[PDB]
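Each chain, written out:
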Amino acid sequence: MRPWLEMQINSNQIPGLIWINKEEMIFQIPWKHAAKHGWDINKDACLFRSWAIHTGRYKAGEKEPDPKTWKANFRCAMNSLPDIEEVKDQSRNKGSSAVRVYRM
Amino acid sequence: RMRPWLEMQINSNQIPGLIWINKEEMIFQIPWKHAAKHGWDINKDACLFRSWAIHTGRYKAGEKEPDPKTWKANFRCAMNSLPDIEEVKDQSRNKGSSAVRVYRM
DNA sequence: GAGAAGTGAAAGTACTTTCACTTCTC
DNA sequence: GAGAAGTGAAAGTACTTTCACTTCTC
């Protein structure tokens, strides 16, 4: 009965993905819009990916790389969660990202 | 993009020919023969229960497990959840017994 | 008597499943 | 300018998906 979002990110920020616990409450998430030219699936759409294969939406070695979704699924999720509010001061545009507080 | 949900499946299912009635233009029955009673034929009791399981896709004919106990639970439980179908509960048990409900109008 | 069958409720994905017992049937 | 990508919210099975738009990026 594996973790649920507040966990997966909790841990996932505690290892080495690519964003931070820029605080001991708050964290970041690489929201590079994916039309920006410097967009590498393997560098931006990661957590997004981790989580989809984690939660079992996708499975590496699959034919749908579709990380747009991976992002939505992940966006929406982060939405729902009640113990992680995105500190809205940051609807970022370039060298962009989304920011949230974990409800303590 | 979805099929009907319980209040429908039964609505229709009582409007055809299964084995229970719209013993009213609000209320209906459901063959709850306990299944240890000796006169228990899967094909005669555990039907709707079945329709629904293969309907909702739980089972699909020709599948290694007719298990209609479940069919019954899945169906019992469901009927429970639904908010627009209240079983008028003051009812009968044992030997050709059935459950009765009103559809909230 | 006791093993198949049944439940409701609550926790998982608008029904389902699962949990934790509880009835039945002979 | 315009087409790929993004959204939030709401309706489907605690995330997902789907709806109905809306932003980006160059």
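- What the deposited record gives as its method is X-ray crystallography, and the resolution it gives is 3.000 Å.

- Chain B appears in the PDB entry as PROTEIN (INTERFERON REGULATORY FACTOR 1) from Mus musculus.
- The deposited entry bears the title "INTERFERON REGULATORY FACTOR 1 (IRF-1) COMPLEX WITH DNA".

- Going by the PDB entry, chain A carries the name PROTEIN (INTERFERON REGULATORY FACTOR 1) and comes from Mus musculus.

## Observations regarding the state of the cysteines
Residues and elements named next belong to chain B.
Part 1: Applying the stated criterion across every chain, the model contains zero disulfides over all chains.
Part 2: The closest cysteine sulfur to the non-disulfide-bonded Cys47 is located on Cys77, 20 Å from its own sulfur.
Part 3: For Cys77, a relative accessible area of 36% gives the class partly exposed.

## Looking at the protein's contact with DNA strand D
Residues and elements named next belong to chain A.
Part 1: In the region of DNA strand D, 23 residues are neighbours, and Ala34, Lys36, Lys71, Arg75 and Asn93 sit closest.
Part 2: Expressed as a percentage, the sugar and phosphate content of the atoms of DNA strand D within 4 Å of the protein is 85%.
Part 3: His37 has a polar backbone atom sitting 3.2 Å from a phosphate oxygen of DNA strand D.
Part 4: Between a phosphate oxygen of DNA strand D and a side-chain N or O atom of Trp51, the distance comes to 3.2 Å.
Part 5: Considering only residue class, the surface near DNA strand D consists of 10 nonpolar, seven polar and six charged.

Conventions adopted
- Residues numbered from 1 in each chain as written, not as in the entry; some residues may be left out.
- Chains lettered and ligands numbered in written order.
- Heavy atoms only, no water.
- Residues with missing side-chain atoms left out of burial classes, pairs and counts.
- Disulfide = S-S within 2.5 Å.
- Buried < 20%, exposed > 50% of the residue type's maximum accessible area, 1.4 Å probe, protein only.
- Near = heavy atom within 4 Å.
- Polar contact = N/O pair within 3.5 Å; in protein donor to acceptor, adjacent residues only side chain to side chain.
- Nonpolar A, V, L, I, M, F, W, Y, C, P; charged D, E, K, R; others polar.

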